[PDB]
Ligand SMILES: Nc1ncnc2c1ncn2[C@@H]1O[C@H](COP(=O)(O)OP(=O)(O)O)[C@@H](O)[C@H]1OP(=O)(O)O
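The chain below stands alone and is given in structure tokens; this is the form deposited without this ligand.
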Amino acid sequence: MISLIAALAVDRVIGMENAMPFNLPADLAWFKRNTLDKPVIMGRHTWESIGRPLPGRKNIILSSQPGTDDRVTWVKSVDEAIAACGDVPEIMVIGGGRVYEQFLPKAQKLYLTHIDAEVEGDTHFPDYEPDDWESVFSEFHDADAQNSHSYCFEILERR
């Protein structure tokens, strides 16, 4: 099963290349807990923003360009990405934009972080009709000394 995991600001805006103007360690922890011990698929800009292989996860980079680094797996197509994953219960797609567009149709689950921040931006997480998806978990959190903005974690199941 394929799942997409993303942190969205108001209007579904997501990052493009530069880091997003928010500071949410709670969301990085959530991100870690849900992707650890699973394969993760990401595009080239996400890989540069991360800056190193995520430990405890098989790192698959989907891109047209060449593999700089030998520590990760570089694939040129969606099909190739999937295969690199092997037979596992759940595959995590971690962005960016175009990557989410390509895998959404195949997605059965969504782990989203709705952040209360207005950011100006070009990219948006793909439009999804929440009535083709069932909201199974929702938990709100206020901003605090460590987290810059309020945020809400949500898991959706493809109905």
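Don't overthink the numbering: it's just position in the shown sequence, from 1.
Chemist: If you take the mean CA temperature factor per stretch, which one wins between 29 to 37 and 101 to 109?
Modeler: Between 101 to 109 and 29 to 37, it is 101 to 109.
Chemist: Looking only at CA atoms, which has the higher mean B factor in the entry: 89 to 97 or 57 to 65?
Modeler: For C-alpha atoms only, the mean B-factor is higher in 57 to 65.
Chemist: Would you mind finding, among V136, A19, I14, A145, the residue with the largest C-alpha temperature factor in the entry?
Modeler: Among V136, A19, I14, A145, the highest C-alpha B-factor in the entry belongs to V136.
Chemist: How does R52 rank on Cα B-factor within its chain, lowest, middle or highest third?
Modeler: Its C-alpha B-factor belongs to the middle third of this chain's values.
Although not depicted, the form deposited with this ligand bound is the subject of the following passage.
Chemist: Let me know the one among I91, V99, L110, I60 whose heavy atoms come within 4.5 Å of this ligand in the entry with it bound, would you?
Modeler: Of the candidates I91, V99, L110, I60, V99 is the one lying within 4.5 Å of this ligand in the entry with it bound.
Chemist: Does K38 reach this ligand in the entry with it bound, with heavy atoms at most 4.5 Å apart?
Modeler: Residue-level check for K38: no, no contact with this ligand.
Chemist: Evaluate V78 for contact with this ligand in the entry with it bound, applying a 4.5 angstroms cut-off between non-hydrogen atoms, and reply yes or no.
Modeler: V78 belongs to the contact set for this ligand.
Chemist: Though the partner is not shown here, which residues of 29 to 47 have a heavy atom within 4.5 Å of this ligand in the entry with it bound?
Modeler: Stretch hits, in order: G43, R44, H45, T46.
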